[PDB]
Each structure stands twice: as structure tokens, then as C-alpha cells.
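Chemist: Here's a structure for you.
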Amino acid sequence: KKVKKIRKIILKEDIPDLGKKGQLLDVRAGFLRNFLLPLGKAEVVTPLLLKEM
Amino acid sequence: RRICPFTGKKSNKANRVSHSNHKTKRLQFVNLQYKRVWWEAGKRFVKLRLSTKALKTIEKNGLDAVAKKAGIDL
RNA sequence: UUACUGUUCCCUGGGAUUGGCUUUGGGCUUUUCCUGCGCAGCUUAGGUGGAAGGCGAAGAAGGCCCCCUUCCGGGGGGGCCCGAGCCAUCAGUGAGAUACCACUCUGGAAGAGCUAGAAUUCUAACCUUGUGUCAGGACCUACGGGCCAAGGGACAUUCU
RNA sequence: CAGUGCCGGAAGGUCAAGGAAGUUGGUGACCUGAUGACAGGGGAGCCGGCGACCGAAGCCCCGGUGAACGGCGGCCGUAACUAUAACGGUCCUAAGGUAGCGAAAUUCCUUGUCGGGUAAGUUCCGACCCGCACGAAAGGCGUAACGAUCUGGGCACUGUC
RNA sequence: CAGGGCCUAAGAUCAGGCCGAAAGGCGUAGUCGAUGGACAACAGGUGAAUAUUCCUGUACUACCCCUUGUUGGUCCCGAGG
RNA sequence: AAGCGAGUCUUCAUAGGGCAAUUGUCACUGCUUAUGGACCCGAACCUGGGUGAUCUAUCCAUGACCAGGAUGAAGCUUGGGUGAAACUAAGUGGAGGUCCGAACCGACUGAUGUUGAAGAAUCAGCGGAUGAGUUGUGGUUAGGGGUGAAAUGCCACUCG
RNA sequence: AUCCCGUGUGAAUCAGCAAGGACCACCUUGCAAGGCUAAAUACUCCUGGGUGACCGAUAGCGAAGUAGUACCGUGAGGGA
RNA sequence: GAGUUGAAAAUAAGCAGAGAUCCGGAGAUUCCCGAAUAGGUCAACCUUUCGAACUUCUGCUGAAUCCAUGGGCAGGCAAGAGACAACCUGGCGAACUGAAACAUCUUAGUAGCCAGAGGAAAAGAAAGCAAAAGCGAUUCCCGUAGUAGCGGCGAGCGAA
């Protein structure tokens, strides 16, 4: 019935799957929370950091 | 209690209407749930008990805001 | 009680907690190529448009042969040989030149995308375990905290 | 193993929420004709309804399963005197009571017939059998021992008489 | 002599911990809980009502006081029992 | 109903019909109705909250008790027989939900009792009596619940 | 319709948003998801003042003297 | 402003105008149980180094990564913990009953139980009501209205 968020991110260290610290692949919500944010292996796309870095 | 630390989401008092319109009582309660969110400010996990709505909310709004709006940590 | 209406236990499907792949194939996509014997005929007339020059040495007509389709009428097509042409109102035909173009519908194939379906899969949250580990003035083989273990694995558990 | 239960199948059919191609309806900028009185069709968008197809278990369906729930049939004929039928024909179900026991804590009619016991016993024991309606783990049949058990006849003993 | 000042069984209450409309439920170390384990008194007198309690005689246990020494402690602890 | 209005609805219509074409009010006192326990007395019952295992029903801990006699198993040992036993007698041995029987526990027959001496006794008999036994002190289990060698019995003379 | 809640998706903010009894337009009102605030108001185990077409000894409080007493029940509780 | 040492009479000595008895405002003491509070506990008791646990404040500062922490340790101060007649708010929330039975409904969100607080509480300053006219935070009484409406369109409930 329903799909869940597919949330943009930006990286902090190379991904063995999608990109080497540059790409913006909208990973998944069930993925940013554990591997990406626990392991500090990603940063969420804040509109604040974008236009200042 | 079955009360979300981060929102007063209680169970719901709701009668389950049947097809003959026979109303039982059927207390109806939130899917607050055992997880362990990674509190960045300590680089470390904390084990919480979270109404999923509140889980979505921390993510949208960050964690520490939710924290002070309920005053929970440590 | 196999009377009526329901509740609970239990079983299943949808959503939430819920994630990595990399494939198989169902339904939409989007770019890559054949497809055609109403009859008057240069003769297996594809409809609809731009429509007077395209196509050539980043190398054709022609014949020597390979393959595939087939109504054995012929069609697409690799190789080599060849080396100065196959071409348009030139007339037929409801509709035009195999000069050429956008595609395209007649349908058919594939790498490209959505959401599923299925399959195995690993690891981050989940369940479970641990005489193991260290301690706080003492232990915690007094439940339990952190820590790494080892199984399990997005299934189960819970919530609707 | 017919019905039900349970188990294993689940190929096909019915199969809910839900998902969903379309389709439909309202509202509606601007549009259009008439005596008098007002409609109609209608961009967008916003709200509705119905919905092809998809949607698991379940049930239908298919097999195993009775120390799982339970059930175990009638009518009509013939044999060597007459009879009773060893044996046959018919509708039937899923099949038609096996072994043992039997008028039985189960037989109504019924103090059933017969034998023993008694002077005389509707009680009692042993048999026969038309078991109204016994019967195999709601077990069948029988058992030595045991019973403040129910039941019949004894000897001794007595105011029970 | 009996109990408490010692110990713990069944059980109870349980800090913290977990769970739950509220009360409260489950639960660990602890704390209580003896009907049990440790621990030291007998005879004879007296007398209206008490006596293994008062009296006489002889005993026993615990803590001090005195002497000589060793200087080495008591706890938490690991063991026998 | 819009509406019209001494009329209006029904209809082609007066037609024809239906209803209209007018009335007080306030209070006190009675009657009666309505809601309230509603004239008084009387149920078995239902639901919520709490108190109950000193009776009794299982269990747990920890103690205590069971006169007196009888029988006599298995084992073990001797007169023995079989490369090896298999069994016969003796003796020791002391078993048994064994035997007879007091305390103890409980209830079967009979009489007394039935305004009892006693809300189930007394008397004469009666069963068990080392066991699936009794009993003492502390505890455990609860009202659609507890416990139950199962009667729906017991849960403090009260229990479908 | 408004009004608060469980599950999941999950807007805009003033050339906006909500209400005006589905919904859509136009108009009118009010502008959410933060908080506080006196009075008029219901009450009596009580205190003070007053009143009674209220009782006056099985009535009035159950209680006109050691009345929640004696007594009864293990207990809650009953109760002269 | 005089006589007095509570009820009833002595009793024994007292006290008082160098204010007794007495009546007021403020004080002081207030053994033991009881929130009960030093620890246990069968309440008004025992053992006690004399004194809870929760906040708060000041200091020591476990665990892993001496990080940062929280937890623990201590010296602090002294504030919360109990009580309530009825009224109130919140959570949970029945049933007998009425419907001449009864499952929707009604008794009713009443009773009761738990949790707070006040002398009152709750509500409250407009994303309100209205209706081409106006209002202006809440809360109560009257009245609209037993009307509109809801309703096995039944019993009945009943606004603004």
C-alpha cells in the first residue's frame, strides 16, 4: 500500500556500495539510522550546510 | 507504563463495534517499541522505548530537541 | 449443543519497527533493427508528413559464395572481388519513390526505470546466549551495566 | 473412514482488508440561443461513487486415520418323516456384529421352559435360547487372594418367635 | 529454665531492576520469620498466695582487673565442620 | 413544502370534497395522569469493592508419635548333586501399602437420643493400626476464584 | 459537519489556513497546533448569630448517663 | 475583680489586693505507637555507635575507550511524603432495571474504587456564534423548548 521515505544523504567515508564520499544517493530510511549515522558513515542533507559548504 | 517518554501517546479507549453493533471494550494501545538510538552527543547508543511517531519525529527534528521537550536523558 | 449474537486463545494477509547486495520473471518506460503477394505496373505499392537531391572513397552498381526468414516469388545480411553508378514529377496508382528524414503504427526482440513476486544471501537495529570479561569503598556463579563472544537474522517479537 | 474429528495434501473454484488501469458524478473561469421565467454544455483544480485485474489462510476438493466421535440391516424360499434351514434371491448402506457371554447390576411380555435345592421357593445355582434393546480398551470372557459389599443354602447357638 | 540481644528453612518483605489505567504485579543482594541449630545450675530448705528465681552449699558461662612473655591486630576473605 | 390567505389543499375546473370562516387569562383548592424509591411489607438473585484456609481441601518447612504379640521372603551359610549351573532340607536374616490388637485416626450395624446431656452424641459392637498413616507449630492457594484419590464435595456451623 | 484519540502516509502560512452541519465555488467571521488568570457557582464533618404551624424519651443523631459502648463475628462488619 | 486547687463531699495543706480562681493574644514543654522516620516490629515494643528513603546544595568522582559521563561516596541543609463531611477534576467503570421478553438503546458514564487539589475546583480570552442584520473571554439562573432533532424513528434521550 505505502512506501516509506527515501532520504537524501551526503557521505563521510567511502561506501563499498554506491560512492566514494561524494555522491548523494538517497539511501533509505532504514539504512541512514543504523549503518550511516551510528558509524558516522554519512551526513544528512541539511539545507544549511549545502549553501555554505 | 506504556507511555512514550517523548510524547504522551497513551493507549486509546475504544470499543470494538461488531456487526450486530455489540460494543465490547478493547483497550487499544500504541506501538511504542524497544530500540536503542545512537545519541550522537555521547557518540553512544541509549536504549529507549519509543512510540514510532516519536521515532519519526526525532529523525525529522533531530534527537536532542525531542529530549528537552520531554526532559529525559540521563 | 451442529440455538442467536459476540469475546479471548490460536492461524493467515496488509502497514509500522524494516536494511546491503546481485540475479529470475509479471505489469508501465525509454532510447536500439526486419514486418506488407486489392488489380491497371519499371512490381510482394506500408499509412501519414518535410520532400529536388541523397548515397559514396570513414570506398556503390555488378558477379563468387556464407547465413537467417520464407507464401522456393523473393527478402534481410557477413566476407572477398569490383571501381564511377543505384537515381524524381518522369505514366500507371484512392495514397511515392529503394534518393533521403522524424519516427510510426502492422508486431517482435534487448541493455535502461516504479512497485511488487521469488530466490537464495551478509551484516548495523531485533530475539537469544555467555562459567567469558572489569571495576567504583566490597562481589555480583546474588538478577542486572558497559565490553567484546557465539548462535539467529530482517524472519521472528511487539502495535494497528 | 460413508457422516464428523485429526493429519497430510491444496492442482482447480469461492475467497477480506488493501493495492489499482479506467470510468462516472458534483462544483466550476469563461460560452451559446430564445416572448415571458433561466437553463445547457463545459478548461483546470478540488471533492466524491463504481470499479477490470491482483489479494493469504479457510472452505469446497483429494488421500491416511477407530484402544479418534461413533455404527454394525430386513423381506422371501427351499434338507433325505413332518419340522427347524447347512444353502440360496432381493432393496440397503460404509458395512452389516467376529470371538466369547447370554432371560445376565442388561429380557419387556416374565412367577419364560427344564434340572437341582425346599414339605412348598415369583428369590437362588446349572442350562436352553425368539439378546423387546449383550459384545470386544464408554473393553469381552475367566480368575487365586481381599470386601464393616450385594446375594442363596448350611451346622452351632439362642426370647427373634 | 523459655524467648529476645545469635543463626537460618517454608514463607514474607524486597533498595536498586523489569513490567503495568492508578493501586500494584514479577524479581536479586539485603531484612525479618522458628516449630529447628549455637549457648551456662543442681540438691535441701522457706512460706496465705513465688520459687532450677529467695536462703544455705557446691557448680558453670561471658567481660574486665592483676603477672610473665610474643609485639603483631580485628574484619572482609578461602577452607574444615 | 414553497406558498396563498377568509380561505387553502386535492384538480381541467367553484366543479365535488376535507379542514377552516376564532378566542380568553392568572391564582388558590380538589380529581387524575407523567417522572421520581411513588400506597406499605416481602424475594430468589445481579454487579463493583473489600475481609476471609484457627474449621476444612491439597501442598511446603520443621518437629513429635505409633503398646504388645505372630508370621516369616529375598539374600547369606551349611548335607548335595553339572568344565557350568539349574533345585532339595536346615540355620541365620529380617522384608511386607503382611497378620491379631491398645494409644491414635475414622466411620459400618443396632439401640438410646430427637422441645437431646450433645446444632450428628452416649452405649454395645466395628475398620486401619510403619503406612497411599497421624499429629503439633509456622506458612501457601480465593469468589465465576482456590482445592479436590471426583461427591459439585470443602472453602471458618453459610455454598450449583 | 465541527471535537478529541490508536495505526500509516503526512500540507500552507497571509497574491495563506480553519469554520459557516458531506462537498464545491463566492461572501462573512476567526485565525490553530504555548501558558496563566478573580467574581457570579456547587458543598458541609463543622464555628458564630438568628429562626422554626420541627421532635421531645420505642420521636429526634444509631447515641438526652463510661454510644460505636455492652454484646456478636476469626475478619470485614453488625449493633442495642 | 474576688475568693479559689476540673464532675460529685470531705480529705490535706496551700495561693491570693505586695491581683489568687478566671477570661484573652502570643509563647514554651508536648513520654510511646501512628506518614513514623536510628534498625527490626506481633502498633503504643526490643536492639541501638542517637541518627530515614526522595528532591536540593557542596565536595570523591566506577565501567568501559585515564575521555566525557550517570551510578557510589561522604558532609549538607529541611521541602514531598500522611488526614478529610460533602462539593470538584482525572483514570477505570458495572448491574439489577425501562423497553411489559432481549442481545442496538436505557439505568449511565450513574454507583463504586483508585489519583490529586482547593476553599472553591474545572472553563476561559475567540482559527467563536451568527447571518446581509449584529455580537463579542469564561461560569451560573430564567427562557426559548419537552420545541428543532435523535431513536430496534421502539423505550426514551433532547440542544442551541
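In the C-alpha cells, the first chain shown is A, the next is B, and so on; residue numbers restart at 1 for each chain, and ligands run from 1 in the order shown.
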Can you check which residues of chain G have any atom within 12 Å of chain A? Use only C-alpha atoms (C1' of nucleotides) and format it as an MDAnalysis selection string.
Modeler: chainID G and resid 8:10
Chemist: Quick one: which residues from chain B are at most 8 Å off chain H, using only C-alpha atoms (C1' of nucleotides), as a PDB file with N, CA and C atoms, in the first residue's frame?
Modeler:
```
ATOM      1  N   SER B  20     -23.457  -6.948  14.593  1.00  0.00           N
ATOM      2  CA  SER B  20     -24.761  -6.700  15.180  1.00  0.00           C
ATOM      3  C   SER B  20     -24.767  -5.439  16.009  1.00  0.00           C
ATOM      4  N   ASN B  21     -23.670  -4.697  15.990  1.00  0.00           N
ATOM      5  CA  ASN B  21     -23.483  -3.500  16.796  1.00  0.00           C
ATOM      6  C   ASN B  21     -23.400  -3.851  18.279  1.00  0.00           C
ATOM      7  N   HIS B  22     -22.569  -4.821  18.616  1.00  0.00           N
ATOM      8  CA  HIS B  22     -22.337  -5.192  20.007  1.00  0.00           C
ATOM      9  C   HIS B  22     -20.964  -4.693  20.414  1.00  0.00           C
ATOM     10  N   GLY B  42      26.864  11.862  22.883  1.00  0.00           N
ATOM     11  CA  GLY B  42      27.753  10.972  23.596  1.00  0.00           C
ATOM     12  C   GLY B  42      28.405   9.944  22.700  1.00  0.00           C
ATOM     13  N   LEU B  74      19.569  10.727  30.718  1.00  0.00           N
ATOM     14  CA  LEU B  74      20.433  10.504  31.882  1.00  0.00           C
ATOM     15  C   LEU B  74      19.788  10.870  33.212  1.00  0.00           C
TER      16      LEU B  74
END
```
Chemist: Within 9 Å of chain C, which residues of chain A are there when counting only C-alpha atoms (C1' of nucleotides)? Please give them as an MDAnalysis selection string.
Modeler: chainID A and resid 1:2 17 28:31 33:36 38:39
Chemist: Keeping only N, CA and C atoms, write the selected residues as a CSV table (one decimal), in the first residue's frame.
Modeler:
```csv
chain,number,residue,atom,x,y,z
A,1,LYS,N,0.8,-1.2,0.0
A,1,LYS,CA,0.0,0.0,0.0
A,1,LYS,C,0.9,1.3,0.0
A,2,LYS,N,1.8,1.3,0.9
A,2,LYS,CA,2.5,2.6,1.2
A,2,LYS,C,4.0,2.3,1.2
A,17,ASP,N,29.4,0.3,-1.6
A,17,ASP,CA,28.3,0.0,-2.5
A,17,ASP,C,28.1,1.1,-3.5
A,28,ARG,N,18.1,5.1,2.1
A,28,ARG,CA,16.9,4.6,2.6
A,28,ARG,C,16.8,5.1,4.0
A,29,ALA,N,15.6,5.0,4.6
A,29,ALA,CA,15.5,5.5,6.0
A,29,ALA,C,15.9,4.4,6.9
A,30,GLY,N,15.7,3.1,6.6
A,30,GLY,CA,16.2,2.0,7.4
A,30,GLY,C,17.7,1.8,7.3
A,31,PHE,N,18.4,2.7,6.7
A,31,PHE,CA,19.8,2.5,6.5
A,31,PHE,C,20.6,3.7,7.0
A,33,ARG,N,19.8,5.4,9.6
A,33,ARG,CA,19.7,5.3,11.0
A,33,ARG,C,20.7,4.4,11.7
A,34,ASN,N,21.0,3.3,11.0
A,34,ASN,CA,22.0,2.3,11.6
A,34,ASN,C,23.4,2.4,11.1
A,35,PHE,N,23.6,1.9,9.9
A,35,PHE,CA,25.0,2.0,9.4
A,35,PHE,C,25.6,3.4,9.1
A,36,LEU,N,24.8,4.2,8.5
A,36,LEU,CA,25.2,5.6,8.2
A,36,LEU,C,25.4,6.6,9.3
A,38,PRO,N,25.0,5.7,13.0
A,38,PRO,CA,25.9,5.1,14.0
A,38,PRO,C,27.3,5.1,13.7
A,39,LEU,N,27.7,4.6,12.5
A,39,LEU,CA,29.1,4.5,12.1
A,39,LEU,C,29.6,5.8,11.5
```
Chemist: Name the residues of chain A that come out as helix (DSSP H, G or I) in a backbone DSSP run; write them as a PyMOL selection string.
Modeler: chain A and resi 29-36+47-50
Chemist: Enumerate as a list in words the residues belonging to chain D that approach chain A to within 12 Å, with only C-alpha atoms (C1' of nucleotides) taken into account.
Modeler: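 Here is what falls inside 12 Å: residues 17, 18, 19, 20 and 55 of chain D.
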Chemist: Write out as number ranges by chain all residues of chain B that DSSP puts in strand (DSSP E) for this structure's backbone.
Modeler: B: 12-13, 27-28, 33-39, 44-50
